[PDB]
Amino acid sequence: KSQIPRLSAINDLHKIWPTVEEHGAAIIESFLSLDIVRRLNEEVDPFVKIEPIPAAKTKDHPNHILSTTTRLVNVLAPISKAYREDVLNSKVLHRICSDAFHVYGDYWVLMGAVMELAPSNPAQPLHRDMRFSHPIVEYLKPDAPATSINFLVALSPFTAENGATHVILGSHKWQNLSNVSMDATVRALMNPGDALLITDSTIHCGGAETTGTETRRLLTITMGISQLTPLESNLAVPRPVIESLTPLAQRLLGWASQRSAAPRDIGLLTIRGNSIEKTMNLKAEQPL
């Protein structure tokens, strides 16, 4: 069985989305530079350590899906300068997203999260994303273009023994799910900064951590059309932080109005025919 296609972020940029469209998955080598990975890790480190279990009793929106050996930290903009500046303005991410979502219109971040898997974390069951937040997605026609995609960025090494992600190639086009098995999977072996890109229909899972010593970390960036509601809110992010961002980054975090691809688009999150950014007089690129 054939492996996940590997593509250069520098050279093969126009080939990335067509590849995912065909196979359901692609590995983007050096999606983030090692410098960006280093700064991202440093900035999120303490927030990963203080994060409780996903289904902690203190939470009013507990995650009952993820294992107790998973830690997930979202709403990264206020935590990480590298995220809000480098990741949110990634030329590669934006080319892929505009290739992917042009049929629908504008796109934004549905969730940007760091996930850290403790030693001996078991494999996740094979799944498609979005089913515990957006039931609407299951009612889309089979040939509907993907309404969200997920960049699974390695922040530490992904190996077969430490739980590298499994994917079933071609499974984004499957309607009958009788042949879903771990026998049908291939692995996303990745160095830090490489990204596995999948769609919301790609059948995949986190792998089993089998060493008992290694901690695997990733940055998962679910990008989706602006017509779908994000899993996370940036409503509580301080205005100085928001005003430090580019207009594009502001749009990605829901601090701007949005547009569909309809020829006479009437817009999303508008205020009596005017945008959020015009109405609130929202500055951009103001240093902290």
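Start at 1 and count along the sequence shown; that's the residue number.
- Of the two segments examined, 64-72 and 224-232, it is 64-72 that shows the higher average Cα temperature factor in the deposited entry.
- For the pair 177-185 and 124-132, the record assigns the higher mean C-alpha temperature factor to 177-185.
- Among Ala26, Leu219, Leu252, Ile50, the highest C-alpha B-factor in the deposited entry belongs to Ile50.
- Ranking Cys97, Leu155, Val167, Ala160 by Cα temperature factor from the entry places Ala160 first.
- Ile16: CA B factor lies in the middle third for its chain, per the PDB record.
- Remark: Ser275 belongs to the middle third of its chain, ranked by C-alpha B-factor as recorded.
- When the modelled residues of the chain are ordered by their C-alpha B factor, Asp143 lands in the highest third.
- Among all modelled residues in its chain, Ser260 ranks in the lowest third by Cα B-factor.
- Compared with the other modelled residues of the chain, the Cα B-factor recorded for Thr213 ranks in the highest third.
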